[PDB]
Each structure stands twice: as C-alpha cells, then as structure tokens.
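All chains are named by letter (A, B, ...) in the order of the sequence lines, taking the proteins before the strands, and each is independently numbered beginning at 1. Just so it is clear, the values below take in all heavy atoms, side chains as well, and ignore hydrogens, waters and symmetry mates.
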Amino acid sequence: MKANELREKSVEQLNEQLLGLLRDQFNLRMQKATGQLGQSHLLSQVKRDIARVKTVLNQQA
Amino acid sequence: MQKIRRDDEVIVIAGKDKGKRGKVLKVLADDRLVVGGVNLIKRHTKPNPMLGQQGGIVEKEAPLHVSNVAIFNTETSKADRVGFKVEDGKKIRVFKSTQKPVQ
Amino acid sequence: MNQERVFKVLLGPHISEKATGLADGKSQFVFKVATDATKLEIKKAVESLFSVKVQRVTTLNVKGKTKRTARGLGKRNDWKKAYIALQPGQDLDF
Amino acid sequence: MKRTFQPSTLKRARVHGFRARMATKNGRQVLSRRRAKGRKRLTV
Amino acid sequence: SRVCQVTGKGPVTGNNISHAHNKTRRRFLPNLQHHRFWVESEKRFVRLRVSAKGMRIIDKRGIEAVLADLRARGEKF
RNA sequence: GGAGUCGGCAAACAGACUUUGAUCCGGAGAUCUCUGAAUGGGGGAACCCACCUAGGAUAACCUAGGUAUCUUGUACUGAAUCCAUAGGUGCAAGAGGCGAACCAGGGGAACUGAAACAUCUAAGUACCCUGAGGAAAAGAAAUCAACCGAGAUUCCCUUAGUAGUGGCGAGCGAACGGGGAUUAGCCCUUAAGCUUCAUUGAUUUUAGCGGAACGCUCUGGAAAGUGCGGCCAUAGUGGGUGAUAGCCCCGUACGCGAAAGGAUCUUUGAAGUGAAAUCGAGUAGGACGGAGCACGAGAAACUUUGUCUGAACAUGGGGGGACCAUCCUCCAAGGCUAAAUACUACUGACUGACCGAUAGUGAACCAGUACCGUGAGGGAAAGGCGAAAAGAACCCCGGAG
RNA sequence: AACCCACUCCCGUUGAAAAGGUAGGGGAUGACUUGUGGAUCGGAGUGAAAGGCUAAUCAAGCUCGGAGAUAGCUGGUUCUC
RNA sequence: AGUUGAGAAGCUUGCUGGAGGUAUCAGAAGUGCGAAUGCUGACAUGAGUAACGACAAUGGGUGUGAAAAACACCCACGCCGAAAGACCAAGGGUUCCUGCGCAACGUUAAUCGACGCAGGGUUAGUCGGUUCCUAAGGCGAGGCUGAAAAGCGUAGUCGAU
Ligand SMILES: [Mg+2]
Ligand SMILES: [Mg+2]
Ligand SMILES: [Mg+2]
Ligand SMILES: [Mg+2]
Ligand SMILES: [Mg+2]
Ligand SMILES: [Mg+2]
Ligand SMILES: [Mg+2]
Ligand SMILES: [Mg+2]
Ligand SMILES: [Mg+2]
Ligand SMILES: [Mg+2]
Ligand SMILES: [Mg+2]
Ligand SMILES: [Mg+2]
Ligand SMILES: [Mg+2]
Ligand SMILES: [Mg+2]
Ligand SMILES: [Mg+2]
Ligand SMILES: [Mg+2]
Ligand SMILES: [Mg+2]
Ligand SMILES: [Mg+2]
Ligand SMILES: [Mg+2]
Ligand SMILES: [Mg+2]
Ligand SMILES: [Mg+2]
Ligand SMILES: [Mg+2]
Ligand SMILES: [Mg+2]
Ligand SMILES: [Mg+2]
Ligand SMILES: [Mg+2]
Ligand SMILES: [Mg+2]
Ligand SMILES: [Mg+2]
Ligand SMILES: [Mg+2]
Ligand SMILES: [Mg+2]
Ligand SMILES: [Mg+2]
Ligand SMILES: [Mg+2]
Ligand SMILES: [Mg+2]
Ligand SMILES: [Mg+2]
Ligand SMILES: [Mg+2]
Ligand SMILES: [Mg+2]
Ligand SMILES: [Mg+2]
Ligand SMILES: [Mg+2]
Ligand SMILES: [Mg+2]
Ligand SMILES: [Mg+2]
Ligand SMILES: [Mg+2]
Ligand SMILES: [Mg+2]
Ligand SMILES: [Mg+2]
Ligand SMILES: [Mg+2]
Ligand SMILES: [Mg+2]
Ligand SMILES: [Mg+2]
Ligand SMILES: [Mg+2]
Ligand SMILES: [Mg+2]
Ligand SMILES: [Mg+2]
Ligand SMILES: [Mg+2]
Ligand SMILES: [Mg+2]
Ligand SMILES: [Mg+2]
Ligand SMILES: [Mg+2]
Ligand SMILES: [Mg+2]
Ligand SMILES: [Mg+2]
Ligand SMILES: [Mg+2]
Ligand SMILES: [Mg+2]
Ligand SMILES: [Mg+2]
Ligand SMILES: [Mg+2]
Ligand SMILES: [Mg+2]
Ligand SMILES: [Mg+2]
Ligand SMILES: [Mg+2]
Ligand SMILES: [Mg+2]
Ligand SMILES: [Mg+2]
Ligand SMILES: [Mg+2]
Ligand SMILES: [Mg+2]
Ligand SMILES: [Mg+2]
Ligand SMILES: [Mg+2]
Ligand SMILES: [Mg+2]
Ligand SMILES: [Mg+2]
Ligand SMILES: [Mg+2]
Ligand SMILES: [Mg+2]
Ligand SMILES: [Mg+2]
Ligand SMILES: [Mg+2]
Ligand SMILES: [Mg+2]
Ligand SMILES: [Mg+2]
Ligand SMILES: [Mg+2]
Ligand SMILES: [Mg+2]
Ligand SMILES: [Mg+2]
Ligand SMILES: [Mg+2]
Ligand SMILES: [Mg+2]
Ligand SMILES: [Mg+2]
Ligand SMILES: [Mg+2]
Ligand SMILES: [Mg+2]
Ligand SMILES: [Mg+2]
Ligand SMILES: [Mg+2]
Ligand SMILES: [Mg+2]
Ligand SMILES: [Mg+2]
Ligand SMILES: [Mg+2]
C-alpha cells in the first residue's frame, strides 16, 4: 500500500489495517508450510506493507 | 546516460559479423549487447533425467561488446557517432554528423 | 497476550510419517512454533485462530543439524516443536 | 595411563572464561590483545 | 597513601651510595603522624594525618585557614 | 537520473517489480533483539530472577517508562549529646569504556661495552602505570653578556666532537657568538584571549552534467597491425575493445552544478570563563642525605627537595661557576597566551630506475582462517581454459561406474 | 578378592604402548583409597627430603618483549682472463 | 642442430608457443651457487621387503550382487558372563533411524559401516536442573592500607561435591 494514501487515514483506522495485514501474513505461512503457495512473491510484499504502516503510525505522534 | 539503448537499429563494426544490421534485444552488465540475428552459436545440452530436460542442440545469440556496434543513421546509411544535445527541459540523442535527433 | 502476538507464535504444521499417524489415532497435531513461545501462548493461539478447544500442549526444542562443506562447517537454525491435543471428537483444518 | 588433559567444562569457564578475563586488568589486556590481532574465538 | 594532607608531600626515590660507590634504589618518606587539632569555632577535635612540616604551617597560619584550603581542594576529613 | 531490476561465492528453476520514474547514488529521519563500560540483582558473555509508577485485559498477563556506583550542587531529615555534627533519603549535572602513534608525568632493568670486572656504560633506553589534546609542553627575564650591548617561548643549521668531564679507562659532551622559520603580548584599580548561543557575508565538502575529431585496402578466427589519404588539440605516452587506437567505448583538458547536512573564515550582540584579589613567607637563605645540570666531590657555582631550621622590605633583595670588594644587569615566592614543532590507527588523489605468487603484508584464494596448545600464545598451504561456454548433442566398450 | 602400589624374570625397544604385557609380588579399617569443588607458583610455591614435583619440559616452568644480546669459536661465501 | 671467439659467452636456424621484446652507448643493482648435518616442494634407494594391533575359532547352505573368506538369513561349533551383560554421572555432539550410494575413509575386498547425500527422530506439576538454603572459597558499598596499578576486609551476595 502506497504511503501517500496511508497518511489520509487515522490511528483508529491504521490499526485495523495493520491487524488485517498480520492476518493475511499468517495465512500465507500456512500455505507455505503445507505446500499450496504458488504466489511466492506475496511473502515479501506483505512484510513491507506492515513496515510501511508502522512507519506512518509512528509519525502520527 | 548511455549511447546504445534497447530496440535501436544498429550496425556492427569490427568482428566476424561486421557489416550486418539488427536490433538490440538486451543490454548486459560489463558492457555487452545481444543484437538480433548476429553472432549465432549452437549449445549442446545433455538431456538429463532430473526434472525433465531441455533438449538437444539449441541455437541462440552470443553477446558482443558495446564498443563493437554503432547507431545506424537511416538518412545516409552509415555508422554514426552520437552525442547529447542542449536541453531546454530534457536530454535527447543526436547524430554527430548531422545534429538531427536519433529516432 | 496482545493482539499482535497471536499471529506470530505459530509457524506452520509439521508434516511427517509420525505426525500423520498421530493426527488420526490420537487427534493430536504437530506444529512448528516460535522458539520463544510458551505452552500458554500456543494454547491460546490455537483456540483463537482455529476455533477449537485444545486440552494439552507439549513442547520440545530441536537442535539444528550441522553440515560440513568445502568452506568449513555450517549449521542450520534451531527450532521448536509442539504437540497439540484436542477434544475427543473435532477436526482441525486450515 | 593418566594424561594431562582431564576435561571439565565448569573448571574451563571459571579459569579461562570471558568473565574471568574481565575481572582483572591483566585479563582485560589479553582480550584487547586478541581483538587487535583479529582472533575469531577471543575466549576459551 | 603515605601523603601529607596539608603540604601534599609524598614518597620520593633516590639512591644509596656506598664507599665503593655502588648504587641501590631507595625511598625517602615524609615524617607524618596522626594528630588531633582543636577547632575553636566548632568546639571539636579534628584528627589529621599531617607531616611535621605541616604542623608548623598550622602554627603559623592557624587551623581555620588550613581547614578551609583542604575543603576547597576537595579533600575529606 | 532515464532503463532496466530482485547483493556475492554461483547456477538453474520459479514468482514478480516499472517511463504514473524502478534497481542505483547522496543529505535527513524512523526502527534498532541479546551480550559487552553493561548500569535493577545475580551469572559459567550472549543466560536466570525481580521491584516501582501509569494505562489496558480477567484469569495465571500485556504496553510504555524508571530502579548501578562515585563526584559536585541543592532540599528535606536527624545519633551518642543540649545546641549541631556525623549519618539517611529525594532530586539536577558530570564521570566511567575503547583507540596505532605523538605529549606531560610516576616507577624503572638486564644482556652488552670496558677484549676479565665492581665505579662507569648500555640508559632514564626496554617495559609497567596515570592524565590531556588535536597537538601537547614551554613562554614574556629575580635571563644572558661584559663596561659595548642584546631583549619572551618553540624548532632547524653552525660554533664543535672544541671547552670541559671521565677506574682521566671505555666513553659522555656544552655554552657564548652567529645564520634562519615564526612575530606578540596582556592582567591582579580585573586585560588580551577562549567557550557557548544569536545574527552579517564569503568559501569549501558530502552526487552529478556537457565534453572534439576516420575512412579505404592487405594478412588474418578476430585489426587497434600493413599500404594510401585525412581530421581534432587549453584534450597525444590513461584504462579496454577478438593482435599495437588522439578520432570505437569509458574517460581526459576545460566549463557548469545542491532540497538538505558538515566544516572554516568573517561581522556585531549576549552570557560565562580567563580570576589567583590587592604584587606574592614557612618563602629566599642555611645544615644533613639524594636527584638535575655535558660536570662521577672535585676550587664546585646554579636548580630541586626527604629530615631539620629560617630572613630583609626598594636607603631592600637575586645573579655574573669556590670566596671577597667594586661595577653591571634583573625584581622570585600570583596568573593567561597564537604561529613556527611532533605523529597517522583513519579518508581521498597522484607518484615510483618498488615486488610480481618460495617475491610483495603472515594473508592476491571465504587468513589471523585451517591446524597446534589447558591457556597466554604460535601459525600455514593454496592465482592463470578460451575472444566468446560456444564447457563436448549423438553412437560404442564398460557396473545405469 | 575388589581397590592402591610396583620387588623379580622374560618379552617388547622401527613397541599394541614417548614407560606396557603375561607370570609371580606388597598393603588391603588405615600415617588407607577415591569422586566433585576450592587454596598456594617462578628466586616463587610444595616437599614423611629423591634437588623430587609445579600440564610427556625443572640445580630455577612456559610465553611474548629488550633482541638481529655476545660468540678472540666451528661451518659457508656464487662469472671469466 | 650448426657455427664463431682465449674465456665468461655470442650468432644463425628446424620444432614447440601464442604476445610481447629491446640495437648502441650510458646510468643503477635484491647481479651470477654444489656444498653452510642450509630452507621449501617434488621424486628416488632400502623394496614390492618388514608389518596388517591380544593365539575366543570357525564350517557349511541359501540370497543379493558386475564381482561374497568378511554383507543378510538358516543349521552347527567356539568365547565372556562381579563381564567382553545392563544403568547413572562426567566428557562428546547427531555418531541415533530410514531411503539411495562406494570415489576417498576402514591397515585386504566390500553389495557392509560410527563413511558420502537426503529426509526423519528427543513430548514431564512428580526424573535431572532452575527457583529456596548454606560449606570450603570468591567478590565485596562504605572502610583501613598502599608511588600508581592495587591489597585486605565489614554490611551483604555468590558458590554443591
Ligand atoms: Mg520439556
Ligand atoms: Mg544459524
Ligand atoms: Mg647498575
Ligand atoms: Mg545491562
Ligand atoms: Mg553485572
Ligand atoms: Mg540505569
Ligand atoms: Mg543487568
Ligand atoms: Mg577517558
Ligand atoms: Mg651490568
Ligand atoms: Mg665485558
Ligand atoms: Mg669482551
Ligand atoms: Mg666473565
Ligand atoms: Mg647508566
Ligand atoms: Mg625517575
Ligand atoms: Mg578531543
Ligand atoms: Mg604554561
Ligand atoms: Mg632560555
Ligand atoms: Mg646598559
Ligand atoms: Mg619580551
Ligand atoms: Mg557524462
Ligand atoms: Mg568524448
Ligand atoms: Mg594505452
Ligand atoms: Mg593473442
Ligand atoms: Mg586507447
Ligand atoms: Mg575503426
Ligand atoms: Mg612577584
Ligand atoms: Mg601567600
Ligand atoms: Mg632553599
Ligand atoms: Mg643539598
Ligand atoms: Mg652532584
Ligand atoms: Mg676525578
Ligand atoms: Mg628551605
Ligand atoms: Mg637562589
Ligand atoms: Mg652567588
Ligand atoms: Mg666571577
Ligand atoms: Mg609571572
Ligand atoms: Mg593513505
Ligand atoms: Mg608461476
Ligand atoms: Mg604468500
Ligand atoms: Mg607466508
Ligand atoms: Mg584446544
Ligand atoms: Mg581406579
Ligand atoms: Mg615366569
Ligand atoms: Mg601383575
Ligand atoms: Mg594380589
Ligand atoms: Mg604385614
Ligand atoms: Mg576427599
Ligand atoms: Mg594462583
Ligand atoms: Mg625463574
Ligand atoms: Mg645428592
Ligand atoms: Mg605447556
Ligand atoms: Mg612433567
Ligand atoms: Mg640491547
Ligand atoms: Mg643470534
Ligand atoms: Mg669442524
Ligand atoms: Mg636456439
Ligand atoms: Mg622461438
Ligand atoms: Mg600487451
Ligand atoms: Mg636499453
Ligand atoms: Mg644474491
Ligand atoms: Mg654454495
Ligand atoms: Mg641448486
Ligand atoms: Mg663452493
Ligand atoms: Mg641427513
Ligand atoms: Mg644443499
Ligand atoms: Mg618393487
Ligand atoms: Mg632384505
Ligand atoms: Mg624375509
Ligand atoms: Mg611377514
Ligand atoms: Mg596377526
Ligand atoms: Mg604386533
Ligand atoms: Mg585384527
Ligand atoms: Mg556364501
Ligand atoms: Mg576371519
Ligand atoms: Mg566357557
Ligand atoms: Mg552431556
Ligand atoms: Mg571428540
Ligand atoms: Mg555426519
Ligand atoms: Mg547406524
Ligand atoms: Mg543400503
Ligand atoms: Mg571396486
Ligand atoms: Mg579398502
Ligand atoms: Mg550417515
Ligand atoms: Mg563469605
Ligand atoms: Mg576482596
Ligand atoms: Mg571501595
Ligand atoms: Mg545464596
Ligand atoms: Mg547436588
């Protein structure tokens, strides 16, 4: 998620976004362990989304 | 900025395929180019039984050095040197012989 | 536990011949878990994420195997393993 | 026949260990001498 | 250590010279004792480890003058 | 900036990213596990166990902050003991550890030489320890000269291996006087200067941009080499491109360039500091025992002090190599000061009648590694297909070697 | 007997072993043997004392420095006329 | 290989090799090895010689395999049995089990292996630690002592056997 549209949200709305991204990352690890993960690039893509949200969330102060 | 770019009409100077013309399909590191239809080689690959195979003999194109080609001037039909012209708001590439832009 | 630790304790199911037989004859499941996870967090995460009732959790630490190469002697990461027992009749699915 | 080296990991750490060197200045000179050489181990 | 508290005298080194002029290292130590001094303002006794030269300075200058100097240079008693 | 990208050994198979500006380079910010001065308490470094405040969950917690010691300051408090002292807590500021060398100090050898060896030398060297800085130290005459004068300190060249000193052995070794580098002095009736903030301008540094001029022919796998003819020059002995290139590529001479950080110099304002109060007393001088002066007690002046003593007050005091008289020259016992000088662990550029894999760093290669030792510690060997993997499809023998 | 020791012969001596083995031998409730943890060390420690032992090293351990110590003594010193 | 000088040596060429060399006269040296019980690497002789590590001991049958004295199974002999059988602690660290292998390692061969490759395998309120307590001993706020580093030590808090 681009950071330009993240700074339009709120701390109440940013925490729901971060919580949802952690749910998706957990499911991606379930597929990787069992073996039904073709979209291998999605693993590193959700890591940077979580880091991006935490960067903007710290800037909220 | 680089003088030789992808999908450019070029002519080979110096080498076994000197005089031929083609298009740049790939630009490598260490200053090498893959030009379509020049410098053809055949690679013989053993069809090992590990996870299928590839084939027998395949013919592809070997890379050649970036200083062994030149932009082809499609107004005089000759190899040409290229420079960068004064920029109001953007660079372009021009022919050193005729000062017209490279297209 | 805080809302963020729930999604980070489990790492995925552990599949093998031993793990397969347990999942049928004993309704007991083997998972890979974070090396700093405790039996209390594993119990809460499985109940929350799969909507089942766990009754007992047992854990063990696994040393990483050591492999010698030309450059020297390298070794793999240590990891942690969990056995999770559920209610008499209920199935766990992903 | 009994040989000179009889291993014991508890007696090894209490004589040559990291916290044993740091207790005195003469052991701190040993550690700084081994850092200047580039030793990978640096302690028993 | 063996340092006078008012003059700052400490041990120094030198040589012992024999008749054949052989030299060996030696030390010269200050002549210092423990002495209690009466402080007229404080109605108190102060016990210092001073040298015999430092006792003569207290006689000349007084104990209030000397005690102020010790406190100024952060020396404890 | 301007088209490719997802680091290397080290390749393949996959999944993707993007001219709506990516990988990449620079300034600034955020995150920053555990150990380590390690600092909440312990520990066998990378481990174990806690307490307090605030907020949030209902179960067996979570989140964010605090809790070492010492020094200085301040507030409260309070023993023997009446007053108040020691002592006890709470806050603020500072310190602690690491680093190759240079600097100033504390302690301080021996081998060796003397063709033996004690004085002497080696040498105030090696080594250990403590402080400070980008430099440090020293510095503004109680200094030298010689009846003429000089004019703070530091460093270089001479005087000169001279005068001296020395079991007068081996050895050690000045100064006066000259030639240079640098230029500077200011205060205790409170000054130059330095430090930190705030402002006046300039210049650099951390990335980049443009950057001239060649064809034909022969041999050749491949021309940059042959033969012929040109062009550019503030750019012509750079690197590499399939053999030797000023004109093929990247560069080069020469011009440009900074949202934002660092640094230096410049204004002119404030604050602190310089700072020791008031011109110097247990001080100058002396006796005994040692150090330093080139000077080893020697006619032995001068400085310094471990022990013991002890003045005068500008009509006074210190020096001029025992000592006296006469002259000359200075004013100790309170301070601060740039430059010329020393060094390079570290960063950049250029250079070499340096090495070219038994050489050059121990180390061109996954080297302070493998290995050896309980440990401190010691310490290797090992580069090159080809221009391009085009790295040998397929058949035969052989154990699907 | 176990356990601790080491008196004799032989073998082995390039050993199975940088101090052993097979036969015999001494003590075996004590001044006994032994595990774990700890303390004392280099002109120093410890020693029912052999100048013994202090990591296969002891009439003064090992390691790194002074250090390329000193060597009137051995050895060596490279093409031609 | 030929040829030229009195010598150190020079010159011309066939083959190999595939990219550099340096006339002349000067200038600088890490400038010339057979020895130093010289240093490093490679290779000889001894010599296909000694030896193959307790003199408890082996014989058949079958299978697999390119190939069985040594592997697996069966029948039959031997040896230990206060151990040469089991189990704790220290120490070691994947040597444990399975599938695939035999170049190197195994003092012979190997289809076998504590060997190579790849997977798998260790489940505790009661077992052993940690946590509680202390011994010898260590460290030790303040403290006393000491040229500096530092020594000893009180409150305390570490330390199992
Ligand atoms: Mg467990
Ligand atoms: Mg790892
Ligand atoms: Mg002497
Ligand atoms: Mg800490
Ligand atoms: Mg601690
Ligand atoms: Mg703290
Ligand atoms: Mg702590
Ligand atoms: Mg410091
Ligand atoms: Mg001597
Ligand atoms: Mg001599
Ligand atoms: Mg001599
Ligand atoms: Mg002698
Ligand atoms: Mg001397
Ligand atoms: Mg001294
Ligand atoms: Mg500094
Ligand atoms: Mg000064
Ligand atoms: Mg002077
Ligand atoms: Mg005059
Ligand atoms: Mg002056
Ligand atoms: Mg450019
Ligand atoms: Mg150009
Ligand atoms: Mg060139
Ligand atoms: Mg070539
Ligand atoms: Mg060139
Ligand atoms: Mg050309
Ligand atoms: Mg004065
Ligand atoms: Mg005074
Ligand atoms: Mg005097
Ligand atoms: Mg005297
Ligand atoms: Mg003297
Ligand atoms: Mg004399
Ligand atoms: Mg005096
Ligand atoms: Mg005087
Ligand atoms: Mg005099
Ligand atoms: Mg005179
Ligand atoms: Mg003064
Ligand atoms: Mg440099
Ligand atoms: Mg070579
Ligand atoms: Mg080398
Ligand atoms: Mg070497
Ligand atoms: Mg070892
Ligand atoms: Mg025994
Ligand atoms: Mg017999
Ligand atoms: Mg016997
Ligand atoms: Mg017996
Ligand atoms: Mg008897
Ligand atoms: Mg005992
Ligand atoms: Mg000791
Ligand atoms: Mg000794
Ligand atoms: Mg004797
Ligand atoms: Mg040893
Ligand atoms: Mg021994
Ligand atoms: Mg010497
Ligand atoms: Mg020698
Ligand atoms: Mg001889
Ligand atoms: Mg020849
Ligand atoms: Mg030739
Ligand atoms: Mg070349
Ligand atoms: Mg020449
Ligand atoms: Mg030579
Ligand atoms: Mg020789
Ligand atoms: Mg030779
Ligand atoms: Mg010879
Ligand atoms: Mg020999
Ligand atoms: Mg030889
Ligand atoms: Mg033979
Ligand atoms: Mg024979
Ligand atoms: Mg024979
Ligand atoms: Mg034989
Ligand atoms: Mg035999
Ligand atoms: Mg034998
Ligand atoms: Mg055998
Ligand atoms: Mg058979
Ligand atoms: Mg047999
Ligand atoms: Mg029997
Ligand atoms: Mg163990
Ligand atoms: Mg082992
Ligand atoms: Mg293994
Ligand atoms: Mg096995
Ligand atoms: Mg098998
Ligand atoms: Mg075979
Ligand atoms: Mg074999
Ligand atoms: Mg294996
Ligand atoms: Mg105690
Ligand atoms: Mg202590
Ligand atoms: Mg203390
Ligand atoms: Mg305790
Ligand atoms: Mg116990």
Side-chain angles (χ1 to χ4, degrees), chain A residues 38-42 44-45 51 54-55 58-59, chain B residues 1-3 5-6 13-16 18 27 31 39 41-47 55-57 62-70 79 81 83-84 86-87 91 96, chain C residues 1-2 5 16-18 40 58-63 65-66 71-72 81-83, chain D residues 1 3-20 22-23 25 30 32-33 35-40 43-44, chain E residues 1-3 9-17 20-23 25-31 42-44 52-53 56-57 59-61 74:
Chain A
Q39 300 263 69
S40 172
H41 77 273
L42 291 186
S44 179
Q45 184 178 2
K54 282 165 154 312
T55 301
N58 189 359
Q59 299 168 3
Chain B
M1 182 156 156
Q2 54 189 79
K3 289 168 170 148
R5 208 195 169 282
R6 264 195 292 111
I13 61 168
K16 193 48 140 175
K18 168 182 48 156
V27 169
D31 293 352
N39 189 359
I41 59 156
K42 292 181 181 179
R43 169 71 158 113
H44 316 83
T45 61
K46 178 74 78 172
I57 313 180
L64 74 164
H65 206 261
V66 70
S67 45
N68 266 348
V69 301
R81 263 180 280 109
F84 303 100
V86 63
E87 47 274 15
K91 284 185 188 175
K96 299 292 274 294
Chain C
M1 65 184 73
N2 63 7
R5 180 67 181 271
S16 59
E17 183 178 1
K18 179 168 186 178
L40 184 50
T58 51
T59 56
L60 57 89
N61 275 286
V62 188
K63 280 200 217 315
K65 271 181 208 153
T66 291
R71 296 318 172 137
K81 203 155 83 187
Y83 292 88
Chain D
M1 294 177 71
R3 294 301 169 192
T4 44
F5 183 51
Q6 303 303 317
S8 163
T9 58
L10 178 64
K11 283 171 73 182
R12 185 165 189 79
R14 273 178 183 179
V15 183
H16 310 111
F18 182 82
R19 289 186 63 79
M22 289 303 287
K25 291 177 70 68
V30 160
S32 80
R33 218 154 55 228
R35 268 177 192 125
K37 208 182 179 178
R39 286 266 188 196
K40 198 198 146 63
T43 187
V44 68
Chain E
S1 219
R2 266 168 194 142
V3 181
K9 282 186 193 257
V12 306
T13 61
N15 279 311
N16 271 116
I17 296 89
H21 201 278
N22 313 116
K23 304 192 148 194
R25 309 295 305 160
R26 76 164 281 191
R27 322 172 81 209
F28 289 88
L29 310 173
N31 180 26
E42 295 215 290
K43 300 288 95 175
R44 207 169 56 111
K53 186 207 173 133
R56 303 211 316 148
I57 279 153
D59 310 341
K60 179 161 172 165
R61 286 182 51 210

Please classify the glycosidic conformation of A50(G) as syn (within 90° of 0) or anti (everything else). anti
With the stacking criterion set to ring centres under 5.5 Å and planes under 30°, output yes or no for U35(F) and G36(F). yes
Respond yes when some side-chain nitrogen or oxygen of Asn15(E) is under 4.0 Å from OP1 or OP2 of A291(F), and no when none is. yes
Contacts of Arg44(E) that satisfy salt bridge (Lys or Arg N to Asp or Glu O under 4.0 Å) - sequence neighbours left out: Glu42(E)
Expected output check: what is the dot-bracket annotation of RNA chain G, where ( ) and [ ] are pairs inside the strand (brackets for crossing ones), | is paired with another strand, and pairs are Watson-Crick or G-U under 3.5 Å? ..(((.((.((........)).)))))..............(.(((.....)))...).......................
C1'-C2'-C3'-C4' based pucker assignment for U165(F): north
Phosphate oxygens OP1/OP2 of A14(F): is one of them under 4.0 Å from a side-chain N or O of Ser40(A)? no
Give a yes or no on whether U273(F) and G193(F) pair, Watson-Crick or G-U wobble, both distances under 3.5 Å. yes
Hey, is the side chain of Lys11(D) poking within less than 4.0 Å of OP1 or OP2 on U36(G), counting only N and O atoms? no
Sugar of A56(G), judged by the sign of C1'-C2'-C3'-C4' (positive north, negative south), puckers south
Derivation and outcome, side chain to side chain contact (heavy atoms under 4.5 Å, CB included), residues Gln45(A) and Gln39(A): CA-CA 11 Å; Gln45(A) 184 178 2; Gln39(A) 300 263 69; over 6 Å; no
Examine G240(F): is either OP1 or OP2 under 4.0 Å from a nitrogen or oxygen in the side chain of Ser67(B)? Give yes or no. no
Watson-Crick or G-U wobble mate for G99(F), both contacts under 3.5 Å: none
Which comes earlier along RNA chain F counting from the 5' end, the contact point of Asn31(E) or that of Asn2(C), where each point is its nearest nucleotide? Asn2(C)
What does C25(F) pair with, Watson-Crick or G-U, if both distances are under 3.5 Å? none
If we require both distances under 3.5 Å, is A163(F) with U71(F) a Watson-Crick or G-U wobble pair? no
ring centroid sep under 5.5 Å plus plane angle under 30, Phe28(E) with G306(F): no
Going by modelled atom types, is there a donor-acceptor pair between the base of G379(F) and the side chain of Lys37(D) at under 3.5 Å? yes
Contact class for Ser44(A) (heavy atom, under 4.0 Å): base, sugar-phosphate, or nothing? nothing
Could you tell me whether the phosphate oxygens of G37(G), OP1 or OP2, come under 4.0 Å of any side-chain nitrogen or oxygen in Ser8(D)? yes
Within less than 4.0 Å of OP1 or OP2 of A118(F), is there a side-chain N or O belonging to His21(E)? no
Of all residues at least two apart in sequence or in a different chain, which pass the side chain to side chain donor-acceptor pair (under 3.5 Å) check with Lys43(E)? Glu40(E)
Is the shortest side-chain N/O distance from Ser1(E) to OP1 or OP2 of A147(H) below 4.0 Å? yes
Per the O4'-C1'-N9-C4 / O4'-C1'-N1-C2 angle with a 90° window around 0, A36(H) comes out anti
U122(H), OP1 or OP2 - any side-chain N/O from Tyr83(C) closer than 4.0 Å? yes
Presence of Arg5(B) side-chain N/O under 4.0 Å of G2(F) phosphate oxygens OP1/OP2: no
Report all interatomic pairs (protein N or O, nucleotide N or O of nucleotides 279-284 of chain F) with separations under 3.5 Å.
from: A281(F); atom 1: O2'; to: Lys60(E); atom 2: NZ; distance (Å): 3.1
from: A281(F); atom 1: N3; to: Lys60(E); atom 2: NZ; distance (Å): 3.1
from: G282(F); atom 1: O4'; to: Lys60(E); atom 2: NZ; distance (Å): 3.3
from: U283(F); atom 1: OP1; to: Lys53(E); atom 2: NZ; distance (Å): 3.3

Please confirm if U58(H) pairs with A76(H), counting Watson-Crick and G-U wobble geometry and requiring both distances below 3.5 Å. yes
Taking for each residue the nucleotide of RNA chain G with the nearest heavy atom, is it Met1(D) or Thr4(D) whose nucleotide lies nearer the 5' end? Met1(D)
The answer to which of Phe5(D) and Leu10(D) contacts RNA chain G further toward the 5' end, by nearest nucleotide, is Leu10(D)
Just by protein heavy atoms under 4.0 Å, how would nucleotides 211-229 of chain F read 5' to 3' in B, S and -? SSSS------SSS------
Six-membered rings of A19(H) and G20(H): centres under 5.5 Å apart, planes under 30°? no
For the base of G378(F), is there a side-chain donor-acceptor partner from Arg39(D) under 3.5 Å away? yes
When rounded to the nearest 0.5 angstrom, what distance separates NZ in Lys81(C) from OG1 in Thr59(C)? 11.5 Å
Pair test for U307(F) and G208(F): Watson-Crick or G-U wobble, both under 3.5 Å: no
Assigned chi class of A243(F) under the 90° convention is syn
What I want to check is whether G225(F) forms a Watson-Crick or wobble pair with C218(F), both distances being under 3.5 Å. yes
From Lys23(E) atom NZ to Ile17(E) atom CD1, the distance as rounded to the nearest 0.5 Å: 5.0 Å
For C328(F), what is the paired nucleotide under Watson-Crick or G-U wobble rules, both distances under 3.5 Å? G319(F)
Quick one: classify the glycosidic conformation of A70(H) as syn or anti, with syn meaning within 90° of 0. syn
Here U18(F), assessed by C1'-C2'-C3'-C4' with north positive and south negative, has its sugar south
Can you tell me if the side-chain N/O atoms of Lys9(E) get under 4.0 Å from OP1 or OP2 in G306(F)? yes
Ignoring hydrogens and angles, tell me if any N or O in the side chain of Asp31(B) forms a donor-acceptor pair with the backbone of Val66(B) under 3.5 Å. no
side-chain N/O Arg2(E) vs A147(H) OP1/OP2, d < 4.0 Å: yes
Please work out if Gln2(B) contacts a base, only the sugar-phosphate, or nothing of the nucleic acid, heavy-atom cut-off 4.0 Å. sugar-phosphate
Residue whose nearest RNA chain F nucleotide is more 5′ - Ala62(B) or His65(B): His65(B)
Whether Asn16(E) contacts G289(F) is assessed here as follows: a side-chain N or O lying under 4.0 Å from the phosphate OP1 or OP2. Is that the case? no
Check every strand shown and say whether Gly74(E) touches a base, only sugar-phosphate, or nothing at a heavy-atom separation below 4.0 Å. nothing
Quick one, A68(F) with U58(F), are they a Watson-Crick or G-U pair at under 3.5 Å for both distances? no
Show each protein N/O and nucleotides 393-401 of chain F N/O combination with a separation under 3.5 Å, one pair to a line.
from: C394(F); atom 1: OP2; to: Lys46(B); atom 2: NZ; distance (Å): 2.9

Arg14(D) side chain N/O closer than 4.0 Å to the phosphate oxygens (OP1, OP2) of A160(H)? yes
Any side-chain N or O of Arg19(D) under 4.0 Å from OP1/OP2 of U35(F)? no
Please determine, for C117(F), whether a Watson-Crick or G-U wobble partner exists with both distances under 3.5 Å, and give it or none. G167(F)
